[PDB]
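**Student:** Could you have a look at this structure, given as structure tokens, before my questions?
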Amino acid sequence: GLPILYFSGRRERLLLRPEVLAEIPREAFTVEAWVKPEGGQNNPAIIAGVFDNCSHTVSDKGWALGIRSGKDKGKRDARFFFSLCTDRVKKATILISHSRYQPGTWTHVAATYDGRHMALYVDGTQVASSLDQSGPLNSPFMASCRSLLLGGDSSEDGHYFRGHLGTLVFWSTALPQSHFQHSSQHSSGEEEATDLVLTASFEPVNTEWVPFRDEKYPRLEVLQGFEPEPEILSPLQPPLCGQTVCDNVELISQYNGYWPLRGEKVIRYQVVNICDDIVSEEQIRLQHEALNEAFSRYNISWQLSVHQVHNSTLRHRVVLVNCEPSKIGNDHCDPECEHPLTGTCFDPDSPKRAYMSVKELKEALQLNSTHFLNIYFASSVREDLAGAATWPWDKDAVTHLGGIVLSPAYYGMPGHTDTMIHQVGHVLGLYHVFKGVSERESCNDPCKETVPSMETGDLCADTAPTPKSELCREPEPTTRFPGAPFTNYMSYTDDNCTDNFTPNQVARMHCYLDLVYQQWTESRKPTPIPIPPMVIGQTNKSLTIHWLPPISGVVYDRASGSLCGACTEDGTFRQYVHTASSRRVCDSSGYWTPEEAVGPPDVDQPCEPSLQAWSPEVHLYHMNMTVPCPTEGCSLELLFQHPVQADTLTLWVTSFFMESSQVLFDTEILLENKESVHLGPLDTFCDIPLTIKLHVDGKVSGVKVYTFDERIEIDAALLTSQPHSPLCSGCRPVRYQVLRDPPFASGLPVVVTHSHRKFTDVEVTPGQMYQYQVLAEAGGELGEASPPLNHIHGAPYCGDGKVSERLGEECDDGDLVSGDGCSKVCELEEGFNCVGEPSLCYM
Ligand SMILES: *[C@@H]1O[C@H](CO)[C@@H](O[C@@H]2O[C@H](CO)[C@@H](O)[C@H](O)[C@H]2NC(C)=O)[C@H](O)[C@H]1NC(C)=O
Ligand SMILES: *[C@@H]1O[C@H](CO)[C@@H](O)[C@H](O)[C@H]1NC(C)=O
Ligand SMILES: [Ca+2]
Ligand SMILES: [Ca+2]
Ligand SMILES: [Zn+2]
């Protein structure tokens, strides 16, 4: 086990005992540490640093390694930093990393300084270097006035570090860059024995370290067994204009190319019958036939399920889309509520009112939205607003609040069956063909579709850019629009000529059916592995192939009604907020309601004002009455459905205005059948999710965030349970099956039952071609095969430590992790200059 020092920001500052170390390096040094930071640390947080001891005033002299945030930004863009200030140069010189740190990821942060060349490395890649400082750090005469601290700063401001510190190593000379990539391989070399000044152990803390100024000892943790190696493949983050992993160019291309990834899917959709004991049976039958005819050519058929609601109470009320009962009486003209019945019982607070909102109908019905696509019938006042649909990337895609709302008069009637097809396409992740030219904000909008592209507009190349036009002809020049797709189902053109979905849109329809709506289909086969396996290691006798998990992300045998969907491969249990509340006046307008802090995060642009996050202060129609937070502070009580021994808690605070560090005045973790534990004020960044490791002796069932800030916005919150939580005890992990171009021994696929997604093959002969395919089988129902990895044994490949101009590689850093100087496609990034066969990128 590796001892670890967790600093919680709760007054834990260590100091080096004088007896342990004879003298701190003065001329040259090399400080390296495995630091696992957590979201929302102090602005100039220090993980370690040598500071003046004799001087009692502010002591920026010496050096400090940690995390710093840009002054011009302050609230966001926090990057690893290393600030050194010798007695010669008046101003401290700060090396700042190139990327904002990743909380929860073990990062090997190192920094060397020998004479003048001071360099800062992250995970072995030199992310900064400078020569501003020169000469020895300080005169030896006052060398006794320099002392080393961990997770703190000498100043009284208390620059506390929040996160884990695994190991700390201190040399007296700047080690070569190649050491850091091979820090675990340079195991106490004989030649550098005299240079190894310090090697912190941390198992006994009292033996080597003493708390600074009565502050408590930082918590001591021990790793039970060897931890999994750091992930070698970076996640497929969505593009700038995308919103999901199915908007990525690589996965989209794989779905367009590999036709098994567009197989026969049979969706299930539910229809809430609306007819006197409005929507008759003929409407349902005709609409179902039209839907099947318009969607079966794309290997998507639909099964009809009609849910008859014999509640006359809901039968009589007019259901209005987006017209909440509380909107009436706001001194403004609301287009959604210009109904005769909204201005015989028009009182919103009456149990027998004749008008209702579709949200209320959804909440009252609470239909099974986990296995069905529910269709609702709300009569919208607007004649042009036929209906609405829920995005896959919205928090309510599969919950009872999701589905399609369609006007009864436009459902199943001849000449109007294509509106439901449009809305269903909206459900399955399809934007409007006029996205980027009609639905564009400004001329600088990246999503603007000037040329057929997979990253702008509706994220489809086949769909040419066209303005929103009702004519079934190429629009007039407003930029020209040749070959406008007025025949596409996702255009505002009438039924008579919108007929087809382009292959790109069909690939999208299938990608989002596998990703989010897997449960809707009747297939028990787990979703398909999105990207083909890639080779991460090769020898003269063995080949190692790594593969991503199923696109849906479910790594367990998904049984209907079970919790296996949210269980990680090691038994962890991740769950978002299930309920919310606020002791401030619960605004009835429906905006910034506690339900906005429920489910997965929704804020598209973090750290800017948004309508998808809870917020106390924001009142639209009361400008003079700027209600401030009470003395007790505005509170948000997020309740999680299932109590579990919490491992971690994450708050998505995506906005705030108070420049003080006390935006979160307190964070009271609520246990079950026990008292609540207060965690005191915590710092947070608007762009990063604040993270807290829960050291609590009980089952956490909620969190009560107290805030003195009026404009703070909590977009969502997540609770991660202890590994091997019981909630997933009955769940069965998903195994994997691998097939090769030649049949394996006996010809059967190899069964990889592990959870780190790696397979080693020893039956490979040099010079032969092999085709690797992977299935994530579960429960005996074998899934779909992955796209084929074609590799000739011995051939060069990315992430093999050898640059090859033959294959177009530039920086083959030896790993498939992007951002570490070179991309996973073995391509030089901006500002990086990777040199040497084991490429060592640098700014
Ligand atoms: C729809 O699914 C069918 C399978 O039922 C796919 O069919 C194959 O099509 C490819 C070309 O795309 C051919 O090379 C194969 O020989 C076909 N096989 C069979 C069994 O038909 C079809 O490609 C899919 N198309 C879409 C748009 O989803
Ligand atoms: C959704 O329908 C399936 C199919 O029978 C059922 O097993 C499941 O329990 C339903 N959802 C809920 C939340 O009950
Ligand atoms: Ca939200
Ligand atoms: Ca290579
Ligand atoms: Zn639309």
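In the structure tokens, chains take the letters A, B, ... in the order shown, each chain's residues start at 1, and ligands count up from 1 in the order shown.
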Report as a PDB file with N, CA and C atoms, in the first residue's frame all protein, DNA and RNA residues lying within 12 Å of residue A:743, evaluated on only C-alpha atoms, omitting residues in the same chain fewer than 6 positions from it.
**Tutor:**
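Saved the output as around08.pdb:
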ATOM      1  N   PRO A 749     -14.029 -17.351 -29.758  1.00  0.00           N
ATOM      2  CA  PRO A 749     -13.561 -16.050 -29.269  1.00  0.00           C
ATOM      3  C   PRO A 749     -13.034 -16.158 -27.849  1.00  0.00           C
ATOM      4  N   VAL A 750     -12.057 -15.314 -27.534  1.00  0.00           N
ATOM      5  CA  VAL A 750     -11.471 -15.313 -26.198  1.00  0.00           C
ATOM      6  C   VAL A 750     -12.352 -14.478 -25.279  1.00  0.00           C
ATOM      7  N   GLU A 763      -0.763 -15.703 -29.643  1.00  0.00           N
ATOM      8  CA  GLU A 763      -0.797 -16.551 -30.826  1.00  0.00           C
ATOM      9  C   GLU A 763      -0.492 -15.777 -32.100  1.00  0.00           C
ATOM     10  N   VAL A 764       0.083 -14.585 -31.981  1.00  0.00           N
ATOM     11  CA  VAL A 764       0.309 -13.719 -33.133  1.00  0.00           C
ATOM     12  C   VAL A 764       1.717 -13.939 -33.667  1.00  0.00           C
ATOM     13  N   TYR A 770      -4.024  -9.228 -38.828  1.00  0.00           N
ATOM     14  CA  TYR A 770      -5.001  -9.662 -37.843  1.00  0.00           C
ATOM     15  C   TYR A 770      -6.122  -8.638 -37.754  1.00  0.00           C
ATOM     16  N   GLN A 771      -7.350  -9.139 -37.651  1.00  0.00           N
ATOM     17  CA  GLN A 771      -8.547  -8.318 -37.536  1.00  0.00           C
ATOM     18  C   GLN A 771      -9.204  -8.594 -36.192  1.00  0.00           C
ATOM     19  N   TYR A 772      -9.180  -7.600 -35.310  1.00  0.00           N
ATOM     20  CA  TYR A 772      -9.658  -7.742 -33.940  1.00  0.00           C
ATOM     21  C   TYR A 772     -11.032  -7.100 -33.816  1.00  0.00           C
ATOM     22  N   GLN A 773     -11.991  -7.860 -33.284  1.00  0.00           N
ATOM     23  CA  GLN A 773     -13.333  -7.363 -33.004  1.00  0.00           C
ATOM     24  C   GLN A 773     -13.727  -7.753 -31.588  1.00  0.00           C
TER      25      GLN A 773
END
**Student:** Enumerate as a ChimeraX atom specification all residues of stretch 78-200 of chain A assigned to helix (DSSP H, G or I) by DSSP on the backbone, naming them with the chain letters and numbers the document uses.
**Tutor:** /A:140-145,177-181,193-195
**Student:** Restrict the calculation to only C-alpha atoms and all ligand atoms, then for each residue of chain A with any atom at most 12 Å from an atom of ligand 1 give the closest atom pair and their distance in Å to one decimal, rows by chain and rising residue number, as CSV.
**Tutor:**
residue,atom,partner,partner_atom_place_in_ligand_line,distance
A:255,CA,ligand 1,28 (O),9.5
A:256,CA,ligand 1,27 (C),8.6
A:257,CA,ligand 1,12 (O),8.2
A:258,CA,ligand 1,12 (O),8.0
A:259,CA,ligand 1,23 (O),5.0
A:260,CA,ligand 1,6 (C),6.9
A:261,CA,ligand 1,28 (O),7.9
A:262,CA,ligand 1,28 (O),4.4
A:263,CA,ligand 1,2 (O),4.6
A:264,CA,ligand 1,2 (O),5.6
A:265,CA,ligand 1,2 (O),9.0
A:266,CA,ligand 1,2 (O),12.0
A:295,CA,ligand 1,28 (O),10.3
A:296,CA,ligand 1,1 (C),9.1
A:297,CA,ligand 1,27 (C),7.3
A:298,CA,ligand 1,28 (O),4.8
A:299,CA,ligand 1,1 (C),4.8
A:300,CA,ligand 1,28 (O),8.1
A:301,CA,ligand 1,1 (C),11.2
A:500,CA,ligand 1,27 (C),11.5
A:501,CA,ligand 1,27 (C),9.5
A:502,CA,ligand 1,27 (C),8.8
A:503,CA,ligand 1,27 (C),6.1
A:504,CA,ligand 1,27 (C),9.0
A:505,CA,ligand 1,27 (C),9.5
A:506,CA,ligand 1,27 (C),6.3
A:507,CA,ligand 1,28 (O),7.2
A:508,CA,ligand 1,28 (O),10.5
A:509,CA,ligand 1,28 (O),9.5
A:510,CA,ligand 1,28 (O),8.0
A:511,CA,ligand 1,28 (O),11.0
**Student:** Step by step, measure atom-to-atom distances between ligand 4 and each residue using only C-alpha atoms and all ligand atoms, keep those at most 7 Å, then write them as a list in words.
**Tutor:** residues 796, 797, 798, 799, 800, 801, 802, 803, 804, 809 and 812 of chain A
**Student:** Hey, can you spit out that residue selection with C-alpha atoms as a PDB file, in the first residue's frame?
**Tutor:**
ATOM      1  CA  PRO A 796       4.438   0.671 -36.478  1.00  0.00           C
ATOM      2  CA  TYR A 797       1.484   2.219 -34.691  1.00  0.00           C
ATOM      3  CA  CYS A 798       0.671   5.305 -32.651  1.00  0.00           C
ATOM      4  CA  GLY A 799       1.658   5.122 -29.004  1.00  0.00           C
ATOM      5  CA  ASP A 800       4.636   2.793 -29.575  1.00  0.00           C
ATOM      6  CA  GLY A 801       7.484   5.159 -28.712  1.00  0.00           C
ATOM      7  CA  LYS A 802       8.903   5.413 -32.250  1.00  0.00           C
ATOM      8  CA  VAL A 803       8.098   8.254 -34.627  1.00  0.00           C
ATOM      9  CA  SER A 804       7.369   7.054 -38.165  1.00  0.00           C
ATOM     10  CA  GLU A 809       3.280  10.344 -36.970  1.00  0.00           C
ATOM     11  CA  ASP A 812       4.648   9.370 -30.785  1.00  0.00           C
TER      12      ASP A 812
END
**Student:** List as a Markdown table every residue of chain A that is in contact with ligand 3, defined as an atom at most 12 Å from one of its atoms (using only C-alpha atoms and all ligand atoms), together with the nearest atom pair and the distance in Å rounded to one decimal, sorted by chain and then rising number.
**Tutor:**
| residue | atom | partner | partner_atom_place_in_ligand_line | distance |
| --- | --- | --- | --- | --- |
| A:393 | CA | ligand 3 | 1 (Ca) | 11.7 |
| A:394 | CA | ligand 3 | 1 (Ca) | 9.1 |
| A:395 | CA | ligand 3 | 1 (Ca) | 7.6 |
| A:396 | CA | ligand 3 | 1 (Ca) | 10.5 |
| A:576 | CA | ligand 3 | 1 (Ca) | 10.5 |
| A:577 | CA | ligand 3 | 1 (Ca) | 9.9 |
| A:578 | CA | ligand 3 | 1 (Ca) | 11.9 |
| A:580 | CA | ligand 3 | 1 (Ca) | 11.4 |
| A:591 | CA | ligand 3 | 1 (Ca) | 11.3 |
| A:592 | CA | ligand 3 | 1 (Ca) | 9.1 |
| A:593 | CA | ligand 3 | 1 (Ca) | 9.7 |
| A:594 | CA | ligand 3 | 1 (Ca) | 9.0 |
| A:595 | CA | ligand 3 | 1 (Ca) | 7.7 |
| A:596 | CA | ligand 3 | 1 (Ca) | 4.5 |
| A:597 | CA | ligand 3 | 1 (Ca) | 4.6 |
| A:598 | CA | ligand 3 | 1 (Ca) | 5.9 |
| A:599 | CA | ligand 3 | 1 (Ca) | 6.8 |
| A:600 | CA | ligand 3 | 1 (Ca) | 6.7 |
| A:601 | CA | ligand 3 | 1 (Ca) | 4.8 |
| A:602 | CA | ligand 3 | 1 (Ca) | 4.3 |
| A:603 | CA | ligand 3 | 1 (Ca) | 6.1 |
| A:604 | CA | ligand 3 | 1 (Ca) | 9.6 |
| A:605 | CA | ligand 3 | 1 (Ca) | 11.6 |
| A:606 | CA | ligand 3 | 1 (Ca) | 10.8 |
| A:610 | CA | ligand 3 | 1 (Ca) | 9.2 |
| A:611 | CA | ligand 3 | 1 (Ca) | 8.3 |
| A:612 | CA | ligand 3 | 1 (Ca) | 4.6 |
| A:613 | CA | ligand 3 | 1 (Ca) | 4.5 |
| A:614 | CA | ligand 3 | 1 (Ca) | 7.1 |
| A:615 | CA | ligand 3 | 1 (Ca) | 10.5 |
| A:651 | CA | ligand 3 | 1 (Ca) | 10.9 |
| A:652 | CA | ligand 3 | 1 (Ca) | 8.6 |
| A:653 | CA | ligand 3 | 1 (Ca) | 9.9 |
| A:654 | CA | ligand 3 | 1 (Ca) | 9.5 |
| A:655 | CA | ligand 3 | 1 (Ca) | 12.0 |
| A:713 | CA | ligand 3 | 1 (Ca) | 9.1 |
| A:714 | CA | ligand 3 | 1 (Ca) | 7.3 |
| A:715 | CA | ligand 3 | 1 (Ca) | 4.0 |
| A:716 | CA | ligand 3 | 1 (Ca) | 5.0 |
| A:717 | CA | ligand 3 | 1 (Ca) | 8.7 |
| A:718 | CA | ligand 3 | 1 (Ca) | 11.5 |
**Student:** Can you check which parts of chain A lie within 6 Å of ligand 2? Per residue, the shortest pair of atoms and distance in Å to one decimal, counting only C-alpha atoms and all ligand atoms, sorted by chain and number, as CSV.
**Tutor:**
residue,atom,partner,partner_atom_place_in_ligand_line,distance
A:368,CA,ligand 2,1 (C),4.9
A:370,CA,ligand 2,1 (C),5.4
A:371,CA,ligand 2,1 (C),4.6
A:560,CA,ligand 2,7 (O),4.8
A:561,CA,ligand 2,9 (O),4.8
**Student:** Ligand 5: which residues are within 7 Å, counting only C-alpha atoms and all ligand atoms, as a PDB file with C-alpha atoms, in the first residue's frame?
**Tutor:**
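What landed in result27.pdb:
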ATOM      1  CA  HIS A 422     -40.296  15.473 -37.371  1.00  0.00           C
ATOM      2  CA  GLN A 423     -40.760  15.405 -33.595  1.00  0.00           C
ATOM      3  CA  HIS A 426     -35.987  15.592 -32.803  1.00  0.00           C
ATOM      4  CA  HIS A 432     -33.031  21.230 -37.851  1.00  0.00           C
ATOM      5  CA  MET A 490     -36.484  17.806 -40.243  1.00  0.00           C
TER       6      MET A 490
END
**Student:** Quick one: pull the distance between atom CA of residue A:551 and atom CA of residue A:756, Å, one decimal.
**Tutor:**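 According to the coordinates, atom CA of residue A:551 and atom CA of residue A:756 are separated by 15.8 Å.
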**Student:** Measure the distance from atom CA of residue A:542 to atom CA of residue A:782 in Å and round it to one decimal.
**Tutor:**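 About the pair atom CA of residue A:542 and atom CA of residue A:782: they are 26.6 Å apart.
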